[PDB]
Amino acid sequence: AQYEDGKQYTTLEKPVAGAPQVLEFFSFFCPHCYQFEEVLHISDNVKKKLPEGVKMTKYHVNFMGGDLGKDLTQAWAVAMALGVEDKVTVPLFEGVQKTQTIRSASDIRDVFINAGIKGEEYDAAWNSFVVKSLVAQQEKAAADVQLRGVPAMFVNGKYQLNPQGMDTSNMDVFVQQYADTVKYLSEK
């Protein structure tokens, strides 16, 4: 058939109860994640085709970058808590990977301050238990899908996107196939 298990997607041996409908994992340290987000715009292209009533969730991971990687997971929790993901995603990626001006937790905070988030507001969120629970949620979700690497995307806690079974061709044909595959899985 057109879409096949083992080709555009794989199936989790162990389905995740109560998982987000569309769940993406990434790291701001991850070079392919930079490509996915800043060049391919995978997240955005996926959203443009999702059925009505289907939400996308995106989580950061700890396993790249040591202490800073964990700082970035905590900052991503802050971004989610404050609802400013679309203000900090580009400057965090560029700060870590393009300019390499993000080397500490303070440098991360600077991105938020420069994006217009008040210092008090960031610090309050950073130290909050709501953010601690959001960090834990991200770590638990990684465990639940038995995550090995990023970028990664899972649909209804049952299916894993398999980009290596798509074409690399026109980056654009790749992106279209990826987005179309998520939509197909959403309706499965």
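In this text, residue numbers run from 1 along the sequence as written. Take the two forms, superpose them, and find the largest set of C-alpha atoms that agree within 1.5 Å; that set is the rigid core.
Colleague: With the rigid core as the fit anchor, does 154-162 or 140-148 show bigger C-alpha shifts in 9 other deposited structures of this protein?
Modeller: So, of the two stretches, the farther one in 9 other deposited structures of this protein is 140-148.
Colleague: Core-superposed in 9 other deposited structures of this protein, which stretch deviates more in Cα positions, 164-172 or 18-26?
Modeller: When 164-172 and 18-26 are compared in 9 other deposited structures of this protein, the bigger C-alpha shift is seen for 164-172.
Colleague: Which is higher on mean Cα B factor in this entry, 74-82 or 111-119?
Modeller: So the stretch with the higher mean C-alpha B-factor is 111-119.
Colleague: Please work out which of 159-167 and 36-44 has the higher mean CA B-factor as recorded in the PDB entry.
Modeller: Between 159-167 and 36-44, it is 159-167.
Colleague: Among 135, 68, 54, 30, which residue carries the highest C-alpha B-factor recorded in the PDB entry?
Modeller: Checking the PDB record, the top C-alpha B-factor among 135, 68, 54, 30 is at 54.
Colleague: Quick check on the deposited entry: does the C-alpha B-factor of residue 9 sit in the lowest, middle or highest third of its chain?
Modeller: Tercile = middle for this residue's CA B-factor.
Colleague: Select lowest, middle or highest to describe the third in which the CA B-factor of residue 16 falls within its chain in this entry.
Modeller: According to the entry, residue 16 has a C-alpha B-factor in the chain's highest third.
Colleague: Comparing against every modelled residue in the chain, figure out the third that the C-alpha B-factor of residue 140 lands in (lowest, middle or highest).
Modeller: It belongs to the middle third of the chain when residues are ordered by C-alpha B-factor.
Colleague: Among all modelled residues of this chain, ranked by Cα B factor, put residue 63 in the bottom, middle or top third, i.e. lowest, middle or highest.
Modeller: Highest third - that is where residue 63 ends up once the chain's C-alpha B-factors are sorted.
Colleague: What third of its chain's C-alpha B-factors does residue 173 belong to: lowest, middle or highest?
Modeller: Highest third.
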